[PDB]
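We did not get these values from a lab; they are worked out from the coordinates using the rules stated. Cβ coordinates were reconstructed from backbone atoms using ideal geometry, including for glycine residues, and neighbour counts include every protein chain displayed.
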Amino acid sequence: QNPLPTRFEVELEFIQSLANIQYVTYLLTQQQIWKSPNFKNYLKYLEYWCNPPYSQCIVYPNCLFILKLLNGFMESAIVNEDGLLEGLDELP
Amino acid sequence: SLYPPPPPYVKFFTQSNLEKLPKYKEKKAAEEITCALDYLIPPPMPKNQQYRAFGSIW
């Protein structure tokens, strides 16, 4: 066994999980995490991975593209009162 | 839910802390985590280039 992951390791693992469309969906259609700007702000902070030397550690390149989309969307995305992301209400 | 939650560090990303960041970054210029603001600053690149990606998986 290995010791608990580093912050750098935790963030690299996490940004890369966004390469999975279903998972990103499960987040987008959460409730709590969109009440407060924290998560939104976190995802923009994560764009640190998009440039060297960081990007050179990315094995799952799609996650960077999806982060970018996800991010630009969030700027103009309208947040319902509960947390529901407005522009998505019609979809499951 | 085998889908993990976002990293614990998310709690630090308040709009308050974001406002304090520019001045903090300056002062700094004058693992070593000491306060909340440190989390709003990307972690340093490890020395072992074994974090360099072997290839792509799309």
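Here are a few things to note about the model shown:
- Chain B - mean residue ellipticity at 222 nm from DSSP helices (-39,500 (n - 2.57) per run, n ≥ 4, rounded to 500): -8500 deg cm²/dmol
- For chain A, built as a Gaussian network whose Cα springs stay under 10 Å, the top-fluctuating residue of A:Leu28, A:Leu43, A:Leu69: A:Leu69
- Per residue of chain A, the DSSP helices (runs of n ≥ 4 H) give a summed -39500 (n - 2.57) that works out to -13500 deg cm²/dmol at 222 nm.
- From the Kirkwood radius over Cα pairs of the protein assembly as shown, Stokes-Einstein at 20 °C and 1.002 mPa s returns a whole-number translational diffusion coefficient of 128 µm²/s.
- Loop trypsin sites (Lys or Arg not before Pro), segment A:8-92, which have at most 15 other Cβ atoms in a 10 Å radius of their Cβ (DSSP): A:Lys35
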